[PDB]
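S.K.: From the sequence below, what's the structure:
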Amino acid sequence: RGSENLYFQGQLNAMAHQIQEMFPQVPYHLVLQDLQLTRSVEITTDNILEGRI
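M.R.: Numbers count the residues shown, from 1 in each chain. Have a look at this structure:
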């Protein structure tokens, strides 16, 4: 289980970088924190555009 999760955390970091490219005014840590819950670029992007993060 541990291996899959550590790899997944690397994937989330990458996803946060891709979102930050689009939204440089949004703090990286808030994007990554939201991604922990959503596990989804699309959902976290919805959240940013809705003013939720």
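
S.K.: C-alpha only now, for contacts and for neighbours.
M.R.: Noted.

S.K.: Surely residue 31 is in contact with residue 21?
M.R.: No: using C-alpha atoms under 8 Å as the test, residue 31 is too far from residue 21 to be in contact (11.3 Å).

S.K.: Okay, helices next: where are they in this protein?
M.R.: Assigned by DSSP state H, the chain shows helices spanning 2-22, 28-38, 41-49.

S.K.: Please identify the buried residues of the second one?
M.R.: Judged by neighbour count (16 or more other C-alpha atoms under 10 Å), helix 28-38 contains these buried residues: 28, 31-32, 34-35.

S.K.: The last one now?
M.R.: Buried residues in helix 41-49, counting neighbours by 16+ other C-alpha under 10 Å, are found at 41, 44-45, 48.

S.K.: same thing with the first one?
M.R.: Buried residues in helix 2-22, defined by neighbour count with 16+ other C-alpha under 10 Å: 9, 12-13, 15-17, 19-20.

S.K.: Reformat those into CSV and put distance to residue 3 next to each item.
M.R.: Below are the buried residues of helix 2-22 laid out as CSV (distance: C-alpha to C-alpha, whole Å):
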residue, distance to residue 3
9, 10
12, 14
13, 16
15, 19
16, 20
17, 22
19, 25
20, 26
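
S.K.: among those residues, which two are most distant?
M.R.: For the buried residues of helix 2-22, the maximum inter-member distance is 16.4 Å, found between 9 and 20 (C-alpha to C-alpha).

S.K.: circling back to that earlier point, would you list the buried residues of helix 28-38 in a markdown table and tack on distance to residue 52?
M.R.: Below are the buried residues of helix 28-38 laid out as a markdown table (distance: C-alpha to C-alpha, whole Å):
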| residue | distance to residue 52 |
| --- | --- |
| 28 | 15 |
| 31 | 11 |
| 32 | 14 |
| 34 | 10 |
| 35 | 13 |
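
S.K.: Let's have the buried residues of helix 41-49 in CSV, adding distance to residue 4.
M.R.: Output for those, formatted as CSV (distance: C-alpha to C-alpha, whole Å):
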residue, distance to residue 4
41, 19
44, 22
45, 24
48, 27
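
S.K.: Great, nothing more from me.
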